[PDB]
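Asks: Next input, structure requested:
(2 chains, ligands or ions: 8)
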2 protein chains.
Amino acid sequence: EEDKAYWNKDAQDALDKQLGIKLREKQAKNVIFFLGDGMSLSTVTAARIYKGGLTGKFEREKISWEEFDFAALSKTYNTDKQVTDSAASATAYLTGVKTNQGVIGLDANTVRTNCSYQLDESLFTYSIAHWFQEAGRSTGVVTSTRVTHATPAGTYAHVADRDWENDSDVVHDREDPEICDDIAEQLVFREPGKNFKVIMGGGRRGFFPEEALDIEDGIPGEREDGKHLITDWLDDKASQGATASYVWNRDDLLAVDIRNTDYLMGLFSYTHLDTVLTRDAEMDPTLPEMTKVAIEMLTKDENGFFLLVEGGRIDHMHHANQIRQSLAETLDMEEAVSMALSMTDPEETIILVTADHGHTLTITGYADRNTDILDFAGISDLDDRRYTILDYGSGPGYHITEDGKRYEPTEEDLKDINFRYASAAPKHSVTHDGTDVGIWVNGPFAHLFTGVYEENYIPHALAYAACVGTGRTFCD
Amino acid sequence: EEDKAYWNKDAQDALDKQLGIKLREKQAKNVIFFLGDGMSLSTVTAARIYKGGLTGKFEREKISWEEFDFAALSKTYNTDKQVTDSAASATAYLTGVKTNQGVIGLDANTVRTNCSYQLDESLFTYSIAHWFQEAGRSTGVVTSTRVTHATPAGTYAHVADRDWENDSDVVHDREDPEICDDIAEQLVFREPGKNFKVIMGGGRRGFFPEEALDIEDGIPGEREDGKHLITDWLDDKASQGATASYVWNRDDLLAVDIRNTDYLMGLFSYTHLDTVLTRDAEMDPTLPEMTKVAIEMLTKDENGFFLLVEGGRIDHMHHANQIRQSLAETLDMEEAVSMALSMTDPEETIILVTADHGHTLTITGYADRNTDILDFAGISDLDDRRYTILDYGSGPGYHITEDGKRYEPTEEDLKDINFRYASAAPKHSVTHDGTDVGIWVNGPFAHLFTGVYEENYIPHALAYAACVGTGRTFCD
Ligand SMILES: *[C@@H]1O[C@H](CO)[C@@H](O)[C@H](O)[C@H]1NC(C)=O
Ligand SMILES: *[C@@H]1O[C@H](CO)[C@@H](O)[C@H](O)[C@H]1NC(C)=O
Ligand SMILES: [Mg+2]
Ligand SMILES: [Mg+2]
Ligand SMILES: [Zn+2]
Ligand SMILES: [Zn+2]
Ligand SMILES: [Zn+2]
Ligand SMILES: [Zn+2]
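Replies: Residues are numbered from 1 along each chain as shown, chains lettered A, B, ... in the order given. Ligands and ions are numbered 1, 2, ... in the order given. Now the structure:
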């Protein structure tokens, strides 16, 4: 059992592992950046125990990226808010500069929602993908969200409001769609987006007009400027003499001819991809399946590549206080990191996992070891009503019953994938959490991540190791 | 302002600092171990912003131990509970073995509250203070809690229930005080406690009987066996030919003759010491003042020393959801680390800061940069009532008004040092939180703390760097 000799051997071994660490002081060829949107340290702990429940190891289970020797903390406050949104944080960890709430790829001079600031080049921050391209290397993005959402957008767009995913969004804010480029336009017509070898995720809707109908669903598009950006993208690649493929389901993705495909656009939903627990496994590729194909394509570039993979709906599930779903999203991303580890060489590939910000998830006491993380924890000594292990500081989970008592979750509630666990402060969408988030790194220069950093440090460190961009460099 | 150039220089400097790290691969002569009881990562972030509010730096401020280059994460589950108490965690991080809820210094064979198990030497786990003693080096302990409380007790005691601080506690559990040694007894009559050079904190009550009255307050003691343990402690020291001092107030501590004093017992309260915001600064020494004298005493040992300093009422305040007091307790500990750093030599002294377990504190959005961390964050779009930036997943803060609405905190509330910030799940005493906690380290072999570790790894790593104990060692 877990007795004295057991823990002592457990510690001495972790000690041996730690004394056996070999530093990797060699250039990074490849960088694969995983981003769990909203993935607080409490999400990671709870997901570890959730995973353990599936495997039978329970609290002793390990999350794949926790096998890395280097972890660090990341401070996420931005230029105007203590609790950052997904846009300003992406600008920090992908372009190296902190910024204002709702702004992508522009500095804190920006006034949110005012398109004029996205016309001023001096205010532009440039992404690590931009740097990889400037260096003659390939770039790609994979996400479970719309490919125009804040996180992926951070690798290529410069907009004064992250809501401006397509031209209908710009118009909704009374800005001029003729001069205010939306994110979907930027991905297809401007750098670095137009040079991405791989683009996968959701958001077909932002790429074709109201007059046209969606592949698969036949839902009218959102564009109001008549542009058919997917065909524009396909034509552009063809006119360059390259082979390009556009796919929208799992079988077609898996059937892609990797050796002969130069460019791959895979858009698997009109909107964000379906969540792990609701998706049709036949029609939707999983995060690890996208990750795999992406790596397969990008690794043809012998000079190296940068790929962003986002576990994006972790955040959306937490916003609704839908903790069961949030944990399943998280593990989809944990399995993708394992996919990436198994396919690449650590003497040449940095795998970095982080979060853009947290969520107000907490893990309360005092359930026994091996208890399902999503179960009840006990009964309250104040109102004699049950409470769950997991709960939140903010969100719609807060519930005063008709007779003015605290809602008591039931056993049916716990199993319901749409059940909202309790919060302390009611809100229609839970707020993000301002606590520092984790960073975990493996590969070349993984030891540049030991302490506590400003979130914007990340890419500057990554550029040093990869030898890209205009800052201090390993090759320098 | 915080524009593009600003953030880029910020990151390049942090990068320069990182590339300048020099490893310390030399033996540790000294080990100073700071333990923030219940000091979750969210507590550290919130305390960082709280400190900034005092210094005018706000979210840009840095906690002293955040200047260290090495941080790591610690997994705190124990052998029977997902969310650990202070007793089992202390056993883990001070003796290197995880154990059952409520148990100190025995392994998981122990059945809580069954004294028989504390009679079986084969189930004993030994503390890093024991190991320093065995190596001919000095040891001490400083805390804001009773000196018999779980945390300090982890350095010396072996009991089947952490409630057994004095004999009256043992009797209350129907165990035999004659053969079931309470914690206060063990500190004075058994090793390693009898050999500590320094003992500071509170809890005089556990050391003298009901028939006797407290120095200072004249409160009858708790002991029911007539023992006067302080005079037993003094007499033991004198009969060894050593000088000893017993002090109970700040003036007297500060007046202690350091060069001529071999042993120091400073007990400043009948019970736990008063909280930072309620203490009488003339009568009670601060956590940094204790730390200073402790180091002054223990550094006379040319062979080295181990010192535990606990910021212990962080936890007690969180239990009541009293967040304002928790943050002041935390900063008292932050200032002690600065005191320790300003007095010792990093080529020879490890300073490690960690928590035993967290608390369910969250940092909600969306207040502006520079907003007082303890202020309101905004108004709920569900019930049109204010909510605070800080709140908890568990505790007595949950409050449904008489008319069945969500209590609305007032401006008066926020300034009241006894006001209980809102929780999501009502409980008389908030539960601890199961989320991983931080570790931050400086000095020799600080680079043994880089990733993610079981909480019991800590002392094994510390022993290696200090060359103590029976495990793998740097001197080996
Ligand atoms: C948007 O910014 C421009 C550019 O300086 C300014 O002239 C204009 O009035 C701003 N709009 C608003 C609504 O503040
Ligand atoms: C306590 O432990 C002893 C020692 O093995 C055992 O004989 C005794 O019955 C136990 N007491 C309880 C309450 O189980
Ligand atoms: Mg996202
Ligand atoms: Mg304690
Ligand atoms: Zn986000
Ligand atoms: Zn969000
Ligand atoms: Zn504790
Ligand atoms: Zn506690």
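
Asks: secondary structure class for the residue lying closest to residue A:258 once chain neighbours are set aside?
Replies: Nearest non-adjacent residue to residue A:258, counting by CB to CB, 6 or more residues apart in numbering or on different chains: residue A:296, 4.8 Å away. Placement of C-beta: from N, CA and C, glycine included. Here residue A:296 is recorded as helix under DSSP: H, G, I helix; E, B strand; the rest coil.

Asks: Check the secondary structure at the spatially most central residue of chain A for me.
Replies: Per CA atoms, centre = their mean, the C-alpha nearest to the average position across chain A is that of residue A:310, at 2.8 Å. Taking three-state DSSP as the rule, one finds residue A:310 in the strand state.

Asks: Surely it touches residue A:32?
Replies: No - if you go by CB atoms under 8 Å, residue A:310 and residue A:32 don't touch, sitting 11.7 Å apart.

Asks: Pairing partners for the longest strand along chain A, with directions?
Replies: Under DSSP state E, the strand in chain A containing the largest number of residues is strand A:138-146. In the sheet, strand A:138-146 lines up against strand A:198-202 (parallel), strand A:305-311 (parallel) (DSSP bridges).

Asks: Show me which positions of the biggest helix by length in chain A end up buried.
Replies: In chain A, with assignment by DSSP state H, the single longest helix is helix A:323-341. Buried residues in helix A:323-341, counted by 16 or more other CB atoms under 10 Å in any protein chain shown: A:323-337, A:339-341.

Asks: Those residues: which ones sit near chain B?
Replies: The subset of the buried residues of helix A:323-341 within reach of chain B, by CB under 8 Å from any CB of the partner chain, is empty.

Asks: returning to that earlier point: relative to helix A:323-341, how tilted is the longest strand of chain A?
Replies: 160 degrees (axes from the mean of the first three to the mean of the last three CA atoms, to 10 degrees).

Asks: Could you write out the alpha-carbon coordinates of strand A:138-146 in CSV?
Replies: Extracted as CSV, the C-alpha positions of strand A:138-146 are listed here (Å, rounded to 0.1, in the frame of the first residue of the first chain):
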residue,chain,number,x,y,z
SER,A,138,6.5,26.7,-42.2
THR,A,139,3.6,27.6,-40.0
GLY,A,140,0.2,26.2,-39.1
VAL,A,141,-2.7,26.4,-36.6
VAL,A,142,-5.2,23.8,-35.3
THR,A,143,-8.0,24.6,-33.0
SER,A,144,-11.4,23.3,-31.7
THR,A,145,-12.8,26.8,-32.0
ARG,A,146,-13.5,28.9,-35.1
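
Asks: following it, which helix or strand comes up?
Replies: Using DSSP states H and E, the helix or strand that follows strand A:138-146 in sequence is helix A:150-153.

Asks: Restricting the selection to alpha carbons, write the next helix or strand after that following helix to PDB.
Replies: Once the chain leaves helix A:150-153, the next helix or strand it forms, by DSSP H and E, is helix A:167-172. Extracted in PDB, the C-alpha atoms of helix A:167-172 (Å, rounded to 0.1, in the frame of the first residue of the first chain):
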ATOM      1  CA  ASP A 167     -17.400  41.600 -42.200                       C
ATOM      2  CA  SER A 168     -20.900  41.200 -40.700                       C
ATOM      3  CA  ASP A 169     -19.300  41.700 -37.300                       C
ATOM      4  CA  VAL A 170     -17.500  44.900 -38.400                       C
ATOM      5  CA  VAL A 171     -20.800  46.300 -39.700                       C
ATOM      6  CA  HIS A 172     -22.500  45.500 -36.500                       C
END
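
Asks: ok, so what distance separates the one residue in the stretch 1-150 of chain A that gets nearest to chain B from residue B:146?
Replies: Among all residues of the stretch 1-150 of chain A, residue A:83 sits closest to chain B, at 3.3 Å; criterion: CB to the nearest CB. As judged by CB to CB, to the nearest Å, residue A:83 and residue B:146 stand 37 Å apart.

Asks: Would you agree residue A:453 falls within a strand?
Replies: Yes - according to three-state DSSP, residue A:453 belongs to a strand.

Asks: Can you spell out which residues form a bridge with it?
Replies: For residue A:453, the beta-bridge partners are residue A:74 (DSSP bridges).

Asks: need the contact list for it.
Replies: A:72, A:73, A:74, A:75, A:439, B:14 (CB atoms under 8 Å, 6 or more residues apart in numbering or on different chains).

Asks: next one: residue A:256
Replies: By CB under 8 Å, 6+ apart, the neighbours of residue A:256 are A:245, A:247, A:264, A:293.

Asks: ditto for residue A:197
Replies: A:138, A:139, A:140, A:262, A:263, A:264, A:297, A:298, A:301, A:305.

Asks: Could you report the neighbour count for residue A:321?
Replies: By other CB atoms under 10 Å in any protein chain shown, 27 other residues sit near residue A:321.

Asks: for residue A:290, same thing?
Replies: Per other CB under 10 Å, the neighbour tally for residue A:290 reads 28.

Asks: Would you agree it is in contact with residue A:253?
Replies: Yes - taking CB under 8 Å as the definition, residue A:290 is a contact partner of residue A:253 at 7.4 Å.

Asks: Would you list the phi and psi of the closest residue to residue A:379 other than its chain neighbours?
Replies: In space, and not counting its chain neighbours, residue A:379 is closest to residue A:386: 5.5 Å by CB to CB, 6+ apart. With angles defined as degrees, to the nearest 10, residue A:386 sits at phi -50, psi 150.

Asks: what's the answer for the one 4 residues further on, then?
Replies: For residue A:390, the backbone dihedrals are phi -90, psi 140 (criterion: degrees, to the nearest 10).

Asks: List the contacts of the residue nearest to it when sequence neighbours are not counted.
Replies: Using CB to CB, 6+ apart and skipping the chain neighbours, the partner closest in space to residue A:390 is residue A:323 (5.0 Å). Contacts for residue A:323 (CB under 8 Å, 6+ apart) come out as A:46, A:317, A:361, A:374, A:390, A:392, A:421.

Asks: Now do the contacts for the fifth one.
Replies: Yep, that's residue A:390 we're talking about. Contacts of residue A:390 were listed using CB under 8 Å, 6+ apart, and they are A:46, A:323, A:361, A:362, A:363, A:364, A:373, A:374, A:421.

Asks: before we move on, what about the first one?
Replies: By CB under 8 Å, 6+ apart, the residues touching residue A:46 are A:323, A:327, A:361, A:363, A:373, A:390, B:434, B:435.

Asks: Counting neighbours, which of the contacts of residue A:256 end up buried?
Replies: A:245, A:247, A:264, A:293.

Asks: so which of those comes closest to ligand 7?
Replies: residue A:293 (47.4 Å; CB to the ion).

Asks: Now do the phi/psi pair for the closest one.
Replies: Backbone geometry at residue A:293, expressed as degrees, to the nearest 10, gives phi -60, psi -40.

Asks: Let me see the contact set for residue A:196.
Replies: Residues in contact with residue A:196 (CB under 8 Å, 6+ apart) are A:129, A:139, A:140, A:141, A:156, A:187, A:263.

Asks: Next, format those as a markdown table and append distance to residue B:172.
Replies: Below are the contacts of residue A:196 laid out as a markdown table (distance: CB to CB, whole Å):
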| residue | distance to residue B:172 |
| --- | --- |
| A:129 | 65 |
| A:139 | 67 |
| A:140 | 66 |
| A:141 | 63 |
| A:156 | 67 |
| A:187 | 69 |
| A:263 | 75 |
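
Asks: Please indicate which of those residues are buried?
Replies: Buried among the contacts of residue A:196 by 16+ other CB under 10 Å: A:129, A:139, A:140, A:141, A:156, A:187, A:263.

Asks: Count the residues that sit near the residue nearest to the fifth one when sequence neighbours are not counted.
Replies: The shortest distance from residue A:156 to any residue that is not its chain neighbour, by CB to CB, 6+ apart, is 3.7 Å, and that residue is residue A:193. For residue A:193, the neighbour count with other CB under 10 Å is 27.

Asks: who's in contact with residue A:193?
Replies: Contacts of residue A:193 by CB under 8 Å, 6+ apart are A:155, A:156, A:157, A:186, A:187.

Asks: For it, what are phi and psi?
Replies: Per-residue torsions, residue A:193: phi -50, psi -40 (degrees, to the nearest 10).
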